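Basis for what follows: all heavy atoms, side chains included, without hydrogens, waters or symmetry-related copies. Naming: A, B, ... by sequence-line order, numbering from 1 per chain.
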Amino acid sequence: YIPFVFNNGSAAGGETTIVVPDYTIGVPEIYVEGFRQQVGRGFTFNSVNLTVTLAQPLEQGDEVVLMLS
Amino acid sequence: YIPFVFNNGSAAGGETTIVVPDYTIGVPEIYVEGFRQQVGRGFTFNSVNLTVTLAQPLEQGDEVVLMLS
Amino acid sequence: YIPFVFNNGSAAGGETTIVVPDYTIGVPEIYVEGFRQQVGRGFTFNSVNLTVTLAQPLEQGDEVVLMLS
Amino acid sequence: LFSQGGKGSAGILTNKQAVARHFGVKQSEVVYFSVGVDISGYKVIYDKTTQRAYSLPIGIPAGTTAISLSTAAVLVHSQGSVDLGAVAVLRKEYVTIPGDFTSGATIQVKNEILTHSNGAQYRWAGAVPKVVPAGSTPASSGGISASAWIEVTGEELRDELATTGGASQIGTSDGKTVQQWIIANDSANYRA
Amino acid sequence: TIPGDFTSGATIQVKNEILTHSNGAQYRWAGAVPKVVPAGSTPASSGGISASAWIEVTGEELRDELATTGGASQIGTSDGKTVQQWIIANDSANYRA
Amino acid sequence: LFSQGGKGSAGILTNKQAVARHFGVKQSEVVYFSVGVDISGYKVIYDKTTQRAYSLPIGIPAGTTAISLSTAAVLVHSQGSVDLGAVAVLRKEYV
């Protein structure tokens, strides 16, 4: 998997959705502050818009590492 | 690795051993609530019975993601 | 990735740098007590010396799983 | 630092554990405050901005949502408004603010108690943002009274002793209460 | 400090559980494993405030120590003499009476 | 036990959260003590060896570093020495 780091590792706060690059045909894992999230549980990835809908809104400075497939 | 989610992501409680599907010839990693476990430390996988012996008995609602090889 | 466990899973304490085997041409991930670390954020890997420079000095008994590439 | 999930959105559950253990409640009984959360059935509410947790008053109707929470812990919900600082003062869930009177600290919430050089902690019974200048004392900052600084560790016993029954709770060397001895020696005052 | 107060009603499972009252005091129950308190109650109405009943916790030890034979000796008067000393000084009135 | 990041170097932030909630301060206002940390601007200091946290006295000058912290919570910094046990007694932060 290709690791994608959201906003250099520090989220701006209040982010519910994250846009991944085109290459990403799937996001199997999300690592929020070292916590692995499963598809459908901690986040849902839609392939049409290329956007990861998160279970929680991100807070300021959150490190989110997106695994792109 | 093939991620296997134990009981839809919510364990029934008091589970010491987890049975993996046949395909699994090995379980290199266990993710209990986002915590990676190493073989022999947090869990031991036996190939004969296809059962993962956990270091702790699972509590009710625990999210365990089993990596199958 | 090849998982490398530092000092059988229990660090001796006060360890800032970790030496990886030769095979390792890169260390993409570090798992300190189940916490994934990103290159440049939680650790920096130098290919010349084959040493992982950690953001924090390790404490006694810390479980560090090094992913070698 | 290592990425240990104690920051921001990934620290909600561990922070809830810490708050529940501090308040003696269940982890599921702690709620984070934002604009629209259901505060019903929850027993402690945690303010993310001030990183302060307040015990929610019981009896909040099912389905009640929160609009705003002031820096003085004034919580306005859909069914009304609650001064969570006053509730914490009633439950004696005080926060000993860092500093003392001689250094000067500003009190935002009623449950915030300020240390003094005598070893006592004083809570302010007046005014949402009581400000205390450096080098002050409880007497200099408003006095020590019911509408002023109140010592917290002995507040209830001090108030109970100040009532008409206070002399009756204090025994003398002969096994008689101070009130009984006052009634026994009042013949001197009557005679005078 | 169990959530709730006497006016709302809380049930005490463990002896260390202390119930808040509207006076700002916390009372612990010295009787009975599952003390139940109905809504709108008070420590006096729920069993009273005594050694075998509700006990205020923040001043429990000092209240008990003041209730002993030495309590009057720990309290000083305006002239620098203890309350016990002044009681012994004015007891001539009681003796005379 | 499971590897839950509550041990050693990976438990600094959660322990800081716990200490801050116990003391009513911000998580960024708790500092771990070692030989050379800047204790300025911090309001609570945590001793890793004794696993005890003490409220730092206010007014510590900016840039002050710590040399040693005795088992009696005697903290010697670059600008002086502070008996953190006495400070805790004054603030009634008893253990």
Side-chain angles (χ1 to χ4, degrees), chain D residues 1-8 10-23 30 44 46-54 73 88 93-105 107-109 111-122 132 134-135 151-154, chain F residues 2-34 37-46 48 51 53-62 75 82-95:
Chain D
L1 263 199
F2 277 134
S3 156
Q4 334 171 335
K7 268 173 35 51
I12 267 64
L13 284 182
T14 49
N15 187 26
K16 280 185 177 186
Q17 273 180 352
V19 168
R21 291 315 99 63
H22 184 69
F23 281 99
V30 179
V44 179
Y46 170 87
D47 188 3
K48 155 206 325 173
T49 315
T50 44
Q51 304 208 1
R52 295 285 189 69
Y54 302 95
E93 297 167 354
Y94 299 122
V95 175
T96 309
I97 41 171
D100 37 48
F101 277 91
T102 54
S103 65
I107 294 206
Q108 267 78 264
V109 192
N111 66 350
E112 296 186 354
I113 56 172
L114 184 60
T115 307
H116 190 256
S117 34
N118 56 356
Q121 283 68 43
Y122 298 92
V132 185
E151 211 280 308
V152 289
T153 40
Chain F
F2 277 134
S3 156
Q4 334 171 335
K7 268 173 35 51
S9 52
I12 267 64
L13 284 182
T14 49
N15 187 26
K16 280 185 177 186
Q17 273 180 352
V19 168
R21 291 315 99 63
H22 184 69
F23 281 99
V25 294
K26 307 219 177 187
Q27 174 186 0
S28 60
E29 297 168 351
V30 179
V31 74
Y32 267 59
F33 164 103
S34 64
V37 309
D38 182 17
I39 61 176
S40 71
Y42 287 109
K43 289 163 186 359
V44 179
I45 184 165
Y46 170 87
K48 155 206 325 173
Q51 304 208 1
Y54 302 95
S55 274
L56 279 174
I58 199 144
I60 291 180
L75 176 77
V82 167
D83 186 8
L84 290 171
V87 173
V89 166
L90 214 81
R91 309 167 49 69
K92 298 232 189 304
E93 297 167 354
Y94 299 122
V95 175

query = Quick one: are F:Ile12 and D:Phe2 in side-chain contact, heavy atoms under 4.5 Å?
reply = no
task = Taking all heavy atoms of D:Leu114 and all of D:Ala105, pick out the closest pair and write down the distance.
result = CD1-CB, 3.7 Å
inquiry  = Shorter than 4.5 Å, heavy atoms on both sides: which option in F:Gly59, F:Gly11, F:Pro57 has the most such pairs with chain D?
reply    = F:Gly11
request  = Against chain D, label F:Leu13 side chain, backbone, both or neither, depending on which of its atoms sit under 4.5 Å from a heavy atom there.
outcome  = both
key: F:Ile45 and its side-chain contact (heavy atoms from CB on, under 4.5 Å) partner, picked from F:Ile60, F:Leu56, F:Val19, F:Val82   = F:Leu56
request  = Under 4.5 Å heavy-atom distance to chain F, tell me which part of D:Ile97 shows up: side chain, backbone, both or neither.
outcome  = backbone
Record all donor-acceptor atom pairs with a distance under 3.5 Å between chain F and chain D; write none if the list is empty.
unit_1	atom_1	unit_2	atom_2	d
F:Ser9	O	D:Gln4	NE2	2.9
F:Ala10	O	D:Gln4	NE2	3.1
F:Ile12	N	D:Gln4	OE1	3.2
F:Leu13	N	D:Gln4	OE1	2.7
F:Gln17	NE2	D:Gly6	O	2.1
F:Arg21	NH2	D:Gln51	OE1	2.5
F:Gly24	O	D:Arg52	NE	3.3
F:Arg91	O	D:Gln121	NE2	3.4
F:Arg91	NH1	D:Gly99	O	3.2
F:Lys92	NZ	D:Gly119	O	2.7

task = Show the numbers, then the answer: is there a side-chain contact (heavy atoms from CB on, under 4.5 Å) between F:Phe33 and F:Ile39?
result = CA-CA 8 Å; F:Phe33 164 103; F:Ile39 61 176; 5.8 Å; no
note = chain F shares the most heavy-atom pairs under 4.5 Å, among D:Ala18, D:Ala120, D:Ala53, D:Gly99, with D:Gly99
Closest approach of D:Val109 to D:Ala73 (non-hydrogen atoms, all atoms of both residues) = CG1-CB, 3.6 Å
